[PDB]
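Colleague: Structure below; questions to follow.
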Number of protein chains: 2
Amino acid sequence: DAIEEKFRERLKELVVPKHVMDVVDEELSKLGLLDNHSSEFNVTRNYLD
Amino acid sequence: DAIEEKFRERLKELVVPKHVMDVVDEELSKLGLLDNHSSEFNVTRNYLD
């Protein structure tokens, strides 16, 4: 939530396209499914940022 | 199955050839064996999309 929500309020200011909206949100969903420890999750985390 | 289910209603409208039908079916099952988080699952996910 921490990183996700600072980026979410980020997202709340800039008007993202609905395409990019669902992409960032589903990538956030994959963040939630991906475990925090995985290097795969570090890649998607760096990607989210 | 969530992703495969939106895919399968998709396919329920447009009429696929039985060739590509069976191909997507075996790929769908092959996806279903695949882990929910594996990198190759993401590849076959994007591919099935």
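Colleague: If I ask for residues that are within 19 Å of residue B:43 (Cα to Cα) and either more than 11 Å from chain B (Cβ to nearest Cβ) or part of a helix (DSSP H, G or I) (or both), which ones from region A:33-45 would you list?
Modeller: Listed by number, the residues that qualify are A:33, A:39, A:40, A:41, A:42, A:43, A:44, A:45.
Colleague: Every residue in region A:37-49 that is more than 19 Å from residue B:2 (Cβ to Cβ), surrounded by 13 or more Cβ atoms within 10 Å (Cβ to Cβ) and touching a residue at least 12 places away in the same chain (Cβ under 8 Å), please.
Modeller: Correct list: A:45, A:48.
Colleague: May I pose another question? Among the residues that make up region A:24-32, is at least one of them within 13 Å of chain B (Cβ to nearest Cβ), within 27 Å of residue B:35 (Cα to Cα) and assigned to a loop (DSSP other than H, G, I, E, B)?
Modeller: no
Colleague: Within the set of pairs 6 or more residues apart or between chains, which connect a residue that is at negative phi inside region A:21-36 to a residue that is of a type in the set (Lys, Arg) with Cβ atoms less than 7 Å apart?
Modeller: As it stands, the answer is A:31/A:45, since those pairs meet every condition given.
Colleague: Among what's in region B:1-23 and is part of a loop (DSSP other than H, G, I, E, B) and farther than 25 Å from residue A:32 by Cβ, pick the residue that is nearest to the other protein chains (Cβ to nearest Cβ).
Modeller: Looking at the filtered set, the residue picked out is B:14.
Colleague: Checking the conditions here, which among B:18, B:6 is out of contact with any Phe, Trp or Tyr (no Cβ under 6 Å at 6 or more places or on another chain), over 24 Å from residue A:28 (Cβ atoms) and basic (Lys, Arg)?
Modeller: Matching residue, one of B:18, B:6: B:18.
Cβ: placed from backbone, ideal geometry, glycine included. Neighbour counts: every protein chain shown. FYI, it's all coordinate maths here, none of it is from the lab.
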